[PDB]
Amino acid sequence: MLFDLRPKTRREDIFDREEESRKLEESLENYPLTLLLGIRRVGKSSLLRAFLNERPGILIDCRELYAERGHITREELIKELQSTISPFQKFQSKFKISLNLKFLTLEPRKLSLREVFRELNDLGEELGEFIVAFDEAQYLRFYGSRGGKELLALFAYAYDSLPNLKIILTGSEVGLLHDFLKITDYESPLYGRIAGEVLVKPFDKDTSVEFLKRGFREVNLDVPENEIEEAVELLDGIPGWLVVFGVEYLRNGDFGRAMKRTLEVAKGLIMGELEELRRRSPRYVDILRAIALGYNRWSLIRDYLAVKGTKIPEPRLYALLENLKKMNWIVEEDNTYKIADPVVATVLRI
């Protein structure tokens, strides 16, 4: 069912995304390397898991690799490749593969990334294609001690020399992903190499309404039209929040209490991420709150914060806002800043 908090892993469990799935297939057909891009909670992991459900591939969670030590080593990455494709006999049974993988017998300490990728390409040769997906690949900048350059080199090698191997990199922090890859810097191993781009956006109004409608239909619940309209006006096409709301409504039976609880859950998660930002600079959260309150132009932001205590120099303010954009907290459009996720804005206004 739609209104369920467990991870979605199959195509029949994903509402719409039929254009996005086709565009992902098309990108794989056209380029060795594909970027899957969009706001956090928009549905990238879910789409990717459903896509790999039918197509031989592995998904590596780069954020989960970074989380523990704030750093990723070769051994850890390799151990994760090993465990994600295991038990390999299950894989061979599902996709009917006769080939065995040597690197699975070997200790991560004594394997190279290139060795592993060559074996996966050999597997691709039998199948047609093998997919390696890095979820939130911008965290690979915390790999090694050279800013993850060994991964860029590995990707350049796959691009040029492993034709039965396709790589998907996803990122919620889109600008930060583009920064890591550096495809226009001559120093980058990926220089001049073109990647496909598949963009995952929030549902439109009518799709959001239909999403909620389907969710309630599945449990024979009829929810008045105006309550679904009101939920979409507050929750604006973000499937992550639409599912939390659907769950809370099934549990609570009331628009007010379901939305109150949805906002509680959102507040908790967003506050956790705002903690992370606040450590880097308290300024980030100050700027975010200002924008959420309607101080959404340069001078509006600058005067507001000066008045609340902190005068931010113009070069600093520019850098801070640019970073916020690259992290995708914020969009700048028509000479105006906005919080990328309207629920984040709701939480920042308290």
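Note that residue numbering follows the sequence shown and begins at 1.
- Entry-level comparison of average CA B-factors, 92-100 and 172-180, reporting the higher stretch: Comparing 92-100 with 172-180, the higher mean C-alpha B-factor belongs to 92-100.
- Largest Cα B-factor, entry values, listed residues 141, 257, 251, 110: Most elevated C-alpha B-factor of the set, per the entry: 110.
- Task: Grab the CA temperature factor for residue 54 from the record and place it in the lowest, middle or highest third of its chain.
- Result: Its C-alpha B-factor belongs to the highest third of this chain's values.
- Message: Quick check for you: using the entry's CA B-factors within this chain, is residue 70 in the lowest, middle or highest third?
- Response: Tercile = middle for this residue's CA B-factor.
- Chain third (lowest, middle, highest) by recorded CA B-factor, residue given as residue 278: Within its chain, residue 278 is a highest-third residue by C-alpha B-factor, going by the deposited values.
- Comparing against every modelled residue in the chain, figure out the third that the C-alpha B-factor of residue 11 lands in (lowest, middle or highest). It falls in the top third of the chain.
- Task: Relative to the other modelled residues of the same chain, rank the CA B-factor of residue 206 and answer lowest, middle or highest third.
- Result: Middle third - that is where residue 206 ends up once the chain's C-alpha B-factors are sorted.
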